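Notes follow once the structure below has been shown.
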Amino acid sequence: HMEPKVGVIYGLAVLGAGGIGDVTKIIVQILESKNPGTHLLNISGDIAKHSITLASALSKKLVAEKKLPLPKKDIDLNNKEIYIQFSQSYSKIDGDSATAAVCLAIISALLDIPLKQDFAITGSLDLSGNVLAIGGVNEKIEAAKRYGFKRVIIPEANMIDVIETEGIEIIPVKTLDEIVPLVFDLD
Amino acid sequence: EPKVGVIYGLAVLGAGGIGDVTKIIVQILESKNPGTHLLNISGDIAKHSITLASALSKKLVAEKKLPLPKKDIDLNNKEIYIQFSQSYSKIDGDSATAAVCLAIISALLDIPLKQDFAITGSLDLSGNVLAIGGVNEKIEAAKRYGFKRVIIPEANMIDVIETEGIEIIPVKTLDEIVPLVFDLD
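Residue numbers (the numbering used here), protein chains in the order written: chain A, 2 to 188; chain B, 25 to 209.
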């Protein structure tokens, strides 16, 4: 129940064979460097690489389209060391559903814009900014509710899967464009 | 039984309700005026699928997952015809990508596709099968249409509400799919 933070976001994962829903804290830190590279903690190289490729394109896109403010620092990601850590690893098969969160955290750190902490999110993204479908949306929604999040963001593509429930604000999104105003503190 | 360039996708419309089986047909012909002709498939999905098919067709053959094509395998030098029995919603459209890609590869390499399954799922350039929405509604549609089996993204197995009368086959990659859907015999 805190105030916005830069580079910190809450994802939603389904763990173990039983597919148990749980919240996962994601923290991304970025620093200019002559020895560029990534340092991953509890996030596979594949998920990380893809998330970076996406954040690289989408960060430039939304800024150029004036949907996100110009960063104070250099928006290029190839000239820095990126630190990504997950409080716990996602399962191999559910891992891609953390991409939206990782991208938002990278974008948040890259543009030094505080990210709201009153929501959790699940979903992937494509180079166009479309929010992609994920699996286990109900288990993830329940986990968000358990930690007391006021809102949970999911792919519009998964609304059909949602088992009518209350106790939390379920917000479907179809594009990174719709997400921005929901997760960023532009004040 | 097997047909070249024909496959069955699964769509969900409106707020909810059982899905619809969507017959997808792809035809490819060499032409000095290459381009695409679309029917009930958006330009975005068609474009993405063609790019995916161009890359994955070459990848599968180069990785011995499909036989060496006897004909020209270039998509840039031909007219591609893709038609859906019905349009998908904008938000569910991506879930037809695997199917379209498979149908394109089928027509391009002239390898018939088995006609005893329905499929749902997207794909990335690496060949990973991506999650989709409304899997339960889609599996239902498949069953009611009479399909013996339905292929879905492994990422969605957790969403599957127990059901009977149909073989549910979760897959994580295009590689796993190929032997299950192509008629190589």
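All residues carry an ideal CB built from backbone N, CA and C; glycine is no exception.
- Between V159 of chain B and chain A, the shortest Cβ-Cβ separation is below 9 Å.
- Exclusion of the five residues before and after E82 of chain A leaves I31, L32, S34, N36, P37, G38, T39, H40 as the residues of its chain whose Cβ lies within less than 8 Å of its Cβ.
- Nearest Cα to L208 of chain B within the set B:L133, B:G151, B:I156, B:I176: B:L133.
- Nearest in C-alpha terms to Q118 of chain A, of all of A:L126, A:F150, A:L128, is A:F150.
- For the pair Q86 of chain A and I28 of chain A, the Cα-to-Cα distance works out to about 6 Å.
- When the beta-carbon positions are compared, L69 of chain A and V181 of chain A come within less than 9 Å of each other.
- At a cut-off of 9 Å between beta carbons, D68 of chain B contacts chain A.
- With contacts defined by Cβ atoms closer than 9 Å, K6 of chain A and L116 of chain A form a contacting pair.
- Beta-bridge analysis with DSSP links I21 of chain A to A:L16.
- Non-local C-beta neighbours of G137 of chain A in its own chain, meaning closer than 7 Å and more than five positions away in sequence, comprise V15, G20, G22, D95, ordered along the chain.
- In this structure, DSSP gives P194 of chain B an extended state, which the three-state scheme calls strand.
- In the DSSP secondary-structure assignment, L41 of chain A is bridged to A:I85.
- Distance check between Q110 of chain B and each of B:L147, B:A127, B:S66, B:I185 places B:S66 closest, using alpha-carbon atoms only.
- In this structure the segment 146 to 153 of chain B touches the segment 183 to 200 of chain B; the number of beta carbon pairs closer than 8 Å is three or more.
- Note that the C-beta distance between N101 of chain B and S78 of chain B is not below 9 Å.
- The CB of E167 of chain A never comes closer than 8 Å to any CB in chain B; the least such distance is about 18 Å.
- Within 7 Å of the CB of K196 of chain B, the CB atoms of chain A belong to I94, in sequence order along the chain.
- Within the segment 86 to 163 of chain A, the complete beta strand (DSSP E) segments of 3 residues or longer fall at 120 to 122, 152 to 156, listed in chain order.
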